[PDB]
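J.: File follows, my_file.csv with CSV, C-alpha atoms and all ligand atoms:
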chain,number,residue,atom,x,y,z
A,1,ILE,CA,-26.1,4.2,-6.0
A,2,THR,CA,-29.1,4.3,-3.6
A,3,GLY,CA,-30.0,0.9,-2.4
A,4,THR,CA,-29.8,-1.5,0.5
A,5,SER,CA,-26.7,-3.0,1.9
A,6,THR,CA,-26.2,-6.7,1.2
A,7,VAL,CA,-23.5,-9.3,1.6
A,8,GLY,CA,-22.3,-11.3,-1.4
A,9,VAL,CA,-19.8,-14.1,-1.7
A,10,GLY,CA,-17.1,-14.8,-4.3
A,11,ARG,CA,-13.6,-16.0,-5.0
A,12,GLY,CA,-10.5,-13.8,-5.3
A,13,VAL,CA,-7.5,-14.0,-7.7
A,14,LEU,CA,-5.8,-16.8,-5.6
A,15,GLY,CA,-9.0,-18.9,-5.5
A,16,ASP,CA,-10.0,-18.1,-1.9
A,17,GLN,CA,-13.6,-17.6,-0.9
A,18,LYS,CA,-14.6,-14.4,0.8
A,19,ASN,CA,-17.7,-12.4,1.7
A,20,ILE,CA,-18.0,-8.9,0.3
A,21,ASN,CA,-20.2,-5.9,1.1
A,22,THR,CA,-22.5,-5.1,-1.8
A,23,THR,CA,-25.5,-2.9,-2.5
A,24,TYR,CA,-28.8,-4.1,-4.0
A,25,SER,CA,-30.8,-1.9,-6.4
A,26,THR,CA,-32.0,-4.2,-9.3
A,27,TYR,CA,-28.4,-5.4,-9.6
A,28,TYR,CA,-26.0,-6.2,-6.8
A,29,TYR,CA,-23.2,-3.6,-7.0
A,30,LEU,CA,-19.6,-3.6,-5.6
A,31,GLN,CA,-20.5,-0.8,-3.2
A,32,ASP,CA,-19.7,-1.3,0.5
A,33,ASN,CA,-21.7,1.1,2.6
A,34,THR,CA,-20.3,-0.2,5.9
A,35,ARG,CA,-17.1,1.9,5.7
A,36,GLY,CA,-17.1,5.7,5.6
A,37,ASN,CA,-18.9,7.1,2.6
A,38,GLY,CA,-18.5,3.9,0.8
A,39,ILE,CA,-16.0,1.7,-1.1
A,40,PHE,CA,-16.9,1.4,-4.8
A,41,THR,CA,-15.3,-1.0,-7.3
A,42,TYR,CA,-15.6,-0.5,-11.1
A,43,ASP,CA,-15.0,-2.5,-14.3
A,44,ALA,CA,-12.6,-0.8,-16.7
A,45,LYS,CA,-13.4,-3.6,-19.3
A,46,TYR,CA,-9.8,-3.9,-20.6
A,47,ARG,CA,-9.9,-0.2,-21.6
A,48,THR,CA,-8.1,2.9,-20.3
A,49,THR,CA,-11.1,5.1,-19.7
A,50,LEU,CA,-11.7,5.6,-16.0
A,51,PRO,CA,-13.4,4.8,-13.8
A,52,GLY,CA,-15.5,2.6,-16.1
A,53,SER,CA,-18.8,1.2,-14.8
A,54,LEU,CA,-19.7,0.5,-11.2
A,55,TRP,CA,-19.5,-3.2,-10.9
A,56,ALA,CA,-22.9,-4.8,-11.4
A,57,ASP,CA,-23.8,-8.5,-10.8
A,58,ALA,CA,-27.1,-10.2,-11.2
A,59,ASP,CA,-27.0,-12.7,-8.3
A,60,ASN,CA,-24.6,-11.4,-5.6
A,61,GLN,CA,-22.2,-14.4,-6.3
A,62,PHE,CA,-18.8,-13.5,-7.7
A,63,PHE,CA,-17.2,-16.8,-8.7
A,64,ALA,CA,-16.5,-16.1,-12.3
A,65,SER,CA,-12.8,-15.8,-13.3
A,66,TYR,CA,-13.6,-12.3,-14.6
A,67,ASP,CA,-15.0,-11.4,-11.1
A,68,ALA,CA,-11.8,-12.3,-9.2
A,69,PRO,CA,-9.8,-9.1,-9.5
A,70,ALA,CA,-12.9,-7.1,-8.5
A,71,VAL,CA,-13.6,-9.3,-5.4
A,72,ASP,CA,-10.0,-8.7,-4.1
A,73,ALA,CA,-9.8,-5.0,-4.9
A,74,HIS,CA,-13.1,-4.4,-3.1
A,75,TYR,CA,-12.3,-6.7,-0.1
A,76,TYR,CA,-8.7,-5.5,0.4
A,77,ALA,CA,-9.7,-1.9,0.2
A,78,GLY,CA,-12.0,-2.7,3.1
A,79,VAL,CA,-9.2,-4.3,5.1
A,80,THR,CA,-7.0,-1.2,4.4
A,81,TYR,CA,-9.8,1.1,5.5
A,82,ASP,CA,-10.1,-0.9,8.7
A,83,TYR,CA,-6.3,-0.7,9.4
A,84,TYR,CA,-6.2,3.1,9.1
A,85,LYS,CA,-9.4,3.5,11.2
A,86,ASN,CA,-8.7,1.0,13.9
A,87,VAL,CA,-4.9,1.4,14.2
A,88,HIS,CA,-4.4,5.1,13.4
A,89,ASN,CA,-7.9,6.6,14.0
A,90,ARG,CA,-7.9,7.8,10.4
A,91,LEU,CA,-11.1,7.8,8.4
A,92,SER,CA,-10.3,7.0,4.8
A,93,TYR,CA,-7.5,8.6,2.9
A,94,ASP,CA,-8.6,12.2,3.5
A,95,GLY,CA,-9.4,11.7,7.2
A,96,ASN,CA,-13.0,12.6,6.4
A,97,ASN,CA,-14.3,9.3,5.1
A,98,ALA,CA,-13.9,10.1,1.4
A,99,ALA,CA,-15.4,7.4,-0.9
A,100,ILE,CA,-12.7,4.9,-2.0
A,101,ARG,CA,-12.9,4.0,-5.6
A,102,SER,CA,-11.0,1.3,-7.6
A,103,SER,CA,-11.1,0.1,-11.2
A,104,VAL,CA,-10.0,-3.4,-12.2
A,105,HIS,CA,-9.4,-4.9,-15.6
A,106,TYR,CA,-7.5,-1.7,-16.6
A,107,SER,CA,-6.0,-2.0,-20.1
A,108,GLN,CA,-4.5,-5.2,-21.6
A,109,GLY,CA,-1.5,-7.0,-20.3
A,110,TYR,CA,-0.9,-4.2,-17.8
A,111,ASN,CA,1.8,-5.1,-15.3
A,112,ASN,CA,1.1,-2.3,-12.7
A,113,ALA,CA,-1.3,-0.6,-10.4
A,114,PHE,CA,-1.5,3.0,-9.4
A,115,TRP,CA,-3.4,5.8,-7.7
A,116,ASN,CA,-4.3,8.3,-10.5
A,117,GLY,CA,-4.9,11.3,-8.1
A,118,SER,CA,-8.5,10.3,-7.5
A,119,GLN,CA,-8.9,6.5,-7.5
A,120,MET,CA,-7.0,3.2,-7.5
A,121,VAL,CA,-6.4,1.4,-10.8
A,122,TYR,CA,-5.3,-2.3,-11.3
A,123,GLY,CA,-4.0,-4.1,-14.3
A,124,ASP,CA,-4.6,-7.8,-14.9
A,125,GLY,CA,-0.9,-8.3,-15.7
A,126,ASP,CA,0.3,-10.3,-18.7
A,127,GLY,CA,0.1,-13.7,-16.9
A,128,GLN,CA,3.9,-13.9,-16.8
A,129,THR,CA,5.2,-10.9,-14.9
A,130,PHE,CA,2.0,-10.4,-12.9
A,131,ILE,CA,-1.4,-11.9,-12.4
A,132,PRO,CA,-4.2,-9.4,-11.6
A,133,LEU,CA,-2.6,-7.1,-9.2
A,134,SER,CA,-5.4,-6.6,-6.7
A,135,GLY,CA,-4.7,-10.2,-5.6
A,136,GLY,CA,-2.0,-8.7,-3.4
A,137,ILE,CA,-3.1,-7.2,-0.1
A,138,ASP,CA,0.2,-5.3,0.1
A,139,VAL,CA,-0.4,-4.0,-3.4
A,140,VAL,CA,-3.9,-2.7,-2.6
A,141,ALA,CA,-2.7,-1.1,0.6
A,142,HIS,CA,0.4,0.4,-1.2
A,143,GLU,CA,-2.0,2.1,-3.6
A,144,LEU,CA,-4.4,3.4,-1.1
A,145,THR,CA,-1.5,4.7,1.0
A,146,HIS,CA,-0.4,6.9,-2.0
A,147,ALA,CA,-3.8,8.7,-1.5
A,148,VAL,CA,-3.0,9.0,2.2
A,149,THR,CA,0.4,10.5,1.4
A,150,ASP,CA,-1.0,12.9,-1.1
A,151,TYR,CA,-3.6,14.2,1.4
A,152,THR,CA,-1.0,14.6,4.2
A,153,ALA,CA,2.7,15.1,3.6
A,154,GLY,CA,2.2,15.5,-0.1
A,155,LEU,CA,5.6,14.1,-1.0
A,156,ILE,CA,6.5,15.1,-4.6
A,157,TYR,CA,7.0,12.0,-6.8
A,158,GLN,CA,10.6,12.4,-7.7
A,159,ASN,CA,14.1,12.0,-6.3
A,160,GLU,CA,14.4,11.6,-2.5
A,161,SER,CA,10.9,12.9,-1.6
A,162,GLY,CA,9.5,10.4,-4.2
A,163,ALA,CA,11.5,7.5,-2.7
A,164,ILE,CA,10.1,8.4,0.7
A,165,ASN,CA,6.6,8.4,-0.9
A,166,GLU,CA,7.3,4.9,-2.3
A,167,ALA,CA,8.7,3.6,1.0
A,168,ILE,CA,5.7,4.9,2.9
A,169,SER,CA,3.4,2.9,0.6
A,170,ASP,CA,5.6,-0.3,1.0
A,171,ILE,CA,5.7,0.2,4.8
A,172,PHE,CA,2.0,0.6,5.2
A,173,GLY,CA,1.3,-2.0,2.5
A,174,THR,CA,3.3,-4.4,4.6
A,175,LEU,CA,1.7,-3.4,7.9
A,176,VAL,CA,-1.7,-4.0,6.4
A,177,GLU,CA,-0.6,-7.4,5.2
A,178,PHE,CA,0.5,-8.1,8.8
A,179,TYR,CA,-2.8,-6.7,10.2
A,180,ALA,CA,-4.8,-9.2,8.0
A,181,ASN,CA,-2.3,-11.9,9.1
A,182,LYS,CA,-2.4,-14.1,6.1
A,183,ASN,CA,1.1,-15.2,5.0
A,184,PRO,CA,2.6,-11.9,6.1
A,185,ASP,CA,6.1,-11.0,5.2
A,186,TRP,CA,8.4,-8.0,4.5
A,187,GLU,CA,8.3,-8.6,0.7
A,188,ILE,CA,6.2,-6.6,-1.8
A,189,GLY,CA,3.9,-8.2,-4.3
A,190,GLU,CA,4.8,-11.8,-3.8
A,191,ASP,CA,1.2,-13.0,-4.1
A,192,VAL,CA,0.8,-11.7,-7.7
A,193,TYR,CA,4.3,-11.5,-9.1
A,194,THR,CA,5.7,-14.1,-11.5
A,195,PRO,CA,3.3,-17.0,-11.2
A,196,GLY,CA,6.0,-19.3,-12.8
A,197,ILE,CA,8.7,-18.5,-10.2
A,198,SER,CA,8.2,-19.4,-6.5
A,199,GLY,CA,9.7,-17.4,-3.6
A,200,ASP,CA,10.4,-14.1,-5.3
A,201,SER,CA,8.7,-10.7,-5.1
A,202,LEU,CA,9.0,-7.2,-6.7
A,203,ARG,CA,10.9,-5.7,-3.8
A,204,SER,CA,12.2,-6.9,-0.4
A,205,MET,CA,12.2,-4.5,2.6
A,206,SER,CA,14.3,-6.9,4.7
A,207,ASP,CA,17.0,-7.2,2.0
A,208,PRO,CA,16.4,-4.8,-0.8
A,209,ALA,CA,19.6,-5.8,-2.5
A,210,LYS,CA,18.0,-9.3,-3.2
A,211,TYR,CA,16.3,-7.5,-6.2
A,212,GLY,CA,19.0,-5.0,-6.9
A,213,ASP,CA,17.8,-2.1,-4.8
A,214,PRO,CA,20.1,-0.1,-2.5
A,215,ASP,CA,20.3,-0.8,1.2
A,216,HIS,CA,22.6,2.1,2.1
A,217,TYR,CA,22.6,5.8,1.1
A,218,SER,CA,26.1,5.3,-0.5
A,219,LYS,CA,24.4,3.0,-3.1
A,220,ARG,CA,21.6,5.4,-4.0
A,221,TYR,CA,20.7,5.8,-7.7
A,222,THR,CA,21.3,9.3,-9.0
A,223,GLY,CA,20.0,9.1,-12.6
A,224,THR,CA,16.7,10.1,-14.1
A,225,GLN,CA,15.0,6.8,-14.8
A,226,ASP,CA,11.9,6.0,-12.7
A,227,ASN,CA,11.4,9.7,-11.7
A,228,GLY,CA,14.9,9.7,-10.2
A,229,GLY,CA,14.7,6.1,-8.8
A,230,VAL,CA,11.6,6.3,-6.6
A,231,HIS,CA,11.1,2.5,-6.7
A,232,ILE,CA,14.8,1.9,-6.3
A,233,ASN,CA,15.9,4.3,-3.6
A,234,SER,CA,12.9,3.3,-1.6
A,235,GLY,CA,15.0,0.4,-0.6
A,236,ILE,CA,17.1,2.6,1.7
A,237,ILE,CA,14.1,3.7,3.7
A,238,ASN,CA,12.4,0.3,3.5
A,239,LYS,CA,15.6,-1.2,5.1
A,240,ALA,CA,15.6,1.4,7.8
A,241,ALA,CA,11.9,0.7,8.6
A,242,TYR,CA,12.5,-3.1,8.6
A,243,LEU,CA,15.5,-2.5,11.0
A,244,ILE,CA,13.4,-0.3,13.4
A,245,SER,CA,10.8,-3.0,13.6
A,246,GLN,CA,12.7,-6.2,13.5
A,247,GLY,CA,16.3,-5.2,14.4
A,248,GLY,CA,19.6,-6.5,13.0
A,249,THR,CA,23.2,-5.5,12.4
A,250,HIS,CA,23.6,-4.0,9.0
A,251,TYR,CA,27.0,-2.8,7.7
A,252,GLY,CA,28.2,-3.3,11.2
A,253,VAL,CA,25.6,-1.0,12.9
A,254,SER,CA,23.3,-2.8,15.4
A,255,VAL,CA,19.7,-1.9,15.7
A,256,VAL,CA,17.4,-3.2,18.5
A,257,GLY,CA,14.0,-3.9,17.0
A,258,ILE,CA,10.9,-2.3,18.6
A,259,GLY,CA,8.2,-4.1,16.6
A,260,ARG,CA,5.7,-3.4,13.9
A,261,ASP,CA,3.1,-1.5,15.9
A,262,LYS,CA,5.6,1.1,17.1
A,263,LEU,CA,7.1,1.3,13.6
A,264,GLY,CA,3.7,2.1,12.3
A,265,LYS,CA,3.0,4.7,15.0
A,266,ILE,CA,6.3,6.5,14.4
A,267,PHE,CA,6.0,6.6,10.6
A,268,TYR,CA,2.3,7.5,10.7
A,269,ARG,CA,3.1,10.5,12.9
A,270,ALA,CA,6.0,11.4,10.8
A,271,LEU,CA,3.9,11.3,7.6
A,272,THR,CA,1.0,13.3,9.1
A,273,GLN,CA,2.7,15.8,11.3
A,274,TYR,CA,6.3,16.5,10.1
A,275,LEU,CA,7.0,15.6,6.5
A,276,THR,CA,6.5,18.1,3.7
A,277,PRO,CA,6.2,17.8,0.0
A,278,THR,CA,9.9,18.3,-0.5
A,279,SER,CA,11.3,16.3,2.5
A,280,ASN,CA,14.6,14.5,1.8
A,281,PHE,CA,16.0,11.4,3.5
A,282,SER,CA,17.8,13.5,6.2
A,283,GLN,CA,14.5,15.3,6.9
A,284,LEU,CA,12.7,12.0,7.2
A,285,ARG,CA,15.2,10.9,9.8
A,286,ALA,CA,14.6,14.0,11.8
A,287,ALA,CA,10.8,13.6,11.4
A,288,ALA,CA,11.0,10.0,12.7
A,289,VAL,CA,13.2,10.9,15.6
A,290,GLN,CA,10.8,13.7,16.6
A,291,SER,CA,7.8,11.4,16.2
A,292,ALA,CA,9.4,8.7,18.4
A,293,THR,CA,10.3,11.4,20.9
A,294,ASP,CA,6.7,12.6,21.0
A,295,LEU,CA,5.3,9.1,21.5
A,296,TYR,CA,7.9,7.4,23.7
A,297,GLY,CA,10.2,10.1,25.2
A,298,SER,CA,13.7,11.4,24.3
A,299,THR,CA,15.6,8.8,26.4
A,300,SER,CA,13.5,5.9,25.1
A,301,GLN,CA,14.7,2.8,23.3
A,302,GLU,CA,12.4,3.7,20.5
A,303,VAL,CA,14.2,6.9,19.8
A,304,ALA,CA,17.6,5.2,20.1
A,305,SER,CA,16.6,2.5,17.6
A,306,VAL,CA,15.3,5.1,15.0
A,307,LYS,CA,18.7,6.7,15.1
A,308,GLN,CA,20.6,3.4,14.8
A,309,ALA,CA,18.4,2.3,11.9
A,310,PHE,CA,19.1,5.5,9.9
A,311,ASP,CA,22.8,5.3,10.8
A,312,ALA,CA,22.8,1.7,9.5
A,313,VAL,CA,21.5,2.9,6.1
A,314,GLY,CA,23.8,5.9,6.0
A,315,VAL,CA,21.3,8.7,6.5
A,316,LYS,CA,22.3,11.4,8.8
A,401,LIG,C1,3.1,-2.4,-5.5
A,401,LIG,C2,3.4,-2.6,-7.0
A,401,LIG,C3,2.9,-3.9,-7.5
A,401,LIG,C4,2.8,-1.5,-7.8
A,401,LIG,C5,3.5,-0.1,-7.7
A,401,LIG,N1,2.8,0.9,-8.5
A,401,LIG,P1,2.8,2.5,-8.0
A,401,LIG,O1,4.1,2.7,-7.2
A,401,LIG,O2,1.6,2.9,-7.2
A,401,LIG,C6,2.8,3.4,-9.6
A,401,LIG,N2,2.4,4.8,-9.3
A,401,LIG,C7,2.8,5.9,-10.0
A,401,LIG,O3,3.5,5.8,-11.0
A,401,LIG,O4,2.2,7.0,-9.5
A,401,LIG,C8,2.4,8.2,-10.2
A,401,LIG,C9,1.1,8.6,-10.9
A,401,LIG,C10,0.5,9.9,-10.5
A,401,LIG,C11,-0.7,10.2,-11.1
A,401,LIG,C12,-1.3,9.4,-12.1
A,401,LIG,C13,-0.7,8.2,-12.4
A,401,LIG,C14,0.5,7.8,-11.8
A,401,LIG,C15,5.0,-0.3,-8.1
A,401,LIG,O5,5.9,-0.6,-7.4
A,401,LIG,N3,5.2,-0.1,-9.5
A,401,LIG,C16,6.5,-0.2,-10.1
A,401,LIG,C17,6.4,-1.6,-10.9
A,401,LIG,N4,7.7,-2.0,-11.5
A,402,CA,CA,-22.7,-13.4,-10.3
A,403,CA,CA,2.7,-12.4,2.0
A,404,CA,CA,4.1,-8.9,1.1
A,405,CA,CA,6.5,-15.4,-8.2
A,406,ZN,ZN,3.9,3.2,-5.3
Using structure tokens, write down the structure that the file contains.

T.:
Amino acid sequence: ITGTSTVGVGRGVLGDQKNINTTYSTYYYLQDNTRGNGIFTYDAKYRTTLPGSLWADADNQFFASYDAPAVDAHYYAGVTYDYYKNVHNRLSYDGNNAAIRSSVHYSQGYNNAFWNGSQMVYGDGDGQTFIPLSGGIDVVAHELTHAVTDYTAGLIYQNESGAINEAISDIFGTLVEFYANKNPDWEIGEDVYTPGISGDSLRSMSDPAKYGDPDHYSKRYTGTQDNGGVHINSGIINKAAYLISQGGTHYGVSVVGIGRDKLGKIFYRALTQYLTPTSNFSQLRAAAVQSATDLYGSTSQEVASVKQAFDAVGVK
């Protein structure tokens, strides 16, 4: 909408207070004009029609319980935009400052979030498996990263390419969580998963097997569930990424860590310069090796550690 940029205040899903960029035109809208061509947050009103209505508020204060998922979807989309711009010199998901749109209160009891090809969508959860999923910064950044992937490598959402697609979203979701520096970890979704169970998460990148996911290519899932295991086999690549950053010895193979920033640079370059829609795990290894070579040199520790990490997870 046309209006003037304003700053509201509210509380997110976890009860924390934050300032949000809004727009005033009769109402105050969840429309942030400070980033690209805007960040827009919509109310799906418990239905499945998308996007729903641009979020409107009478007073620019967002402290109602119903407001909380919208506050966090809006705010964390801003953080994710800032990460891509400041760290990778990428302007929104298309590189040309496309408007970023999210809908919250999608459906009833909906234990998921997704990019639908055009926008982000967040359920409220059922209160047992999830609380409203935009409360997780890693979740929001996971979703926006699907848009980045779709505009760049275009990894098809099945089998190995789809598991790479998933891992890219978990990697950058985690790197955004570290960028914001509030309780960062290498787990996925911990802030919104299972409110009645402390200390768990949906997936672990540091130890995928903690939640049943493979941590070595020999343990990959080969069936048809979950589009050929895209959220399962992502563990193999997540583990490789964790090892590149943090190091470790895994199935007897030792990896010298090079840190999160270099992990992000290598994978961002791989994603945007070398991967293709049908890349498999072996092709990802080659793209990461080439990317590290471009950035750090063929004889660098960074290249050596990329190779060790993929060896450690059984990807040649
Ligand atoms: C990070 C967690 C909390 C959420 C995550 N969801 P996701 O991967 O983004 C789903 N996207 C998914 O299907 O795109 C495929 C698709 C294409 C076009 C239209 C609709 C859909 C996940 O791991 N979900 C699995 C939860 N068990
Ligand atoms: Ca209000
Ligand atoms: Ca965390
Ligand atoms: Ca996390
Ligand atoms: Ca939990
Ligand atoms: Zn995903």

J.: Quick check, in Å to one decimal: how far apart do atom CA of residue 297 of chain A and atom CA of residue 215 of chain A lie?

T.: 28.2 Å

J.: Using Å and a single decimal, report how far atom CA of residue 208 of chain A sits from atom CA of residue 228 of chain A.

T.: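 Taking atom CA of residue 228 of chain A and atom CA of residue 208 of chain A, their separation equals 17.3 Å.
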
J.: Could you give me, as number ranges by chain, every polymer residue with an atom at most 12 Å away from an atom of ligand CA 402 (chain A), counting only C-alpha atoms and all ligand atoms?

T.: A: 8-11, 22, 27-30, 55-68, 70-71

J.: Taking only C-alpha atoms and all ligand atoms into account, which residues are within 9 Å of ligand ZN 406 (chain A), as a ChimeraX atom specification?

T.: /A:113-115,139,142-143,145-146,165-170,230-231

J.: Atom CA of residue 302 of chain A and atom CA of residue 260 of chain A, how far apart in Å?

T.: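 Computed distance, atom CA of residue 260 of chain A to atom CA of residue 302 of chain A, equals 11.8 Å.
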
J.: Do you know which residues lie at most 10 Å from (23.4, 9.2, -2.6), with coordinates as in the file and only C-alpha atoms counted, and could you write them as a PyMOL selection string?

T.: chain A and resi 160+214+216-222+233+281+314-315

J.: 12 Å from ligand CA 405 (chain A) is the threshold here; counting all atoms listed in the file, which polymer residues fall inside it? Answer as a ChimeraX atom specification.

T.: /A:127-131,136,187-203

J.: May I ask which of the residues A:99, A:287, A:304, A:241 is the closest one to residue 40 of chain A, counting all atoms listed in the file?

T.: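 Closest to residue 40 of chain A, using all atoms listed in the file: A:99.
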
J.: Between A:93, A:268, A:75, A:110, which one has atoms that come closest to residue 147 of chain A, using all atoms listed in the file?

T.: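 Smallest distance to residue 147 of chain A is found for A:93.
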
J.: Residues at most 6 Å from ligand CA 403 (chain A), using only C-alpha atoms and all ligand atoms? Could they come as a list in words?

T.: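 Taking only C-alpha atoms and all ligand atoms into account, the residues around ligand CA 403 (chain A) at most 6 Å away are residues 183, 184 and 185 of chain A.
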
J.: Could those selected residues go to a file with C-alpha atoms, as a PDB file, keeping the file's coordinate frame?

T.:
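File again-v9.pdb, as written:
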ATOM      1  CA  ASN A 183       1.100 -15.200   5.000  1.00  0.00           C
ATOM      2  CA  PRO A 184       2.600 -11.900   6.100  1.00  0.00           C
ATOM      3  CA  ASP A 185       6.100 -11.000   5.200  1.00  0.00           C
TER       4      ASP A 185
END
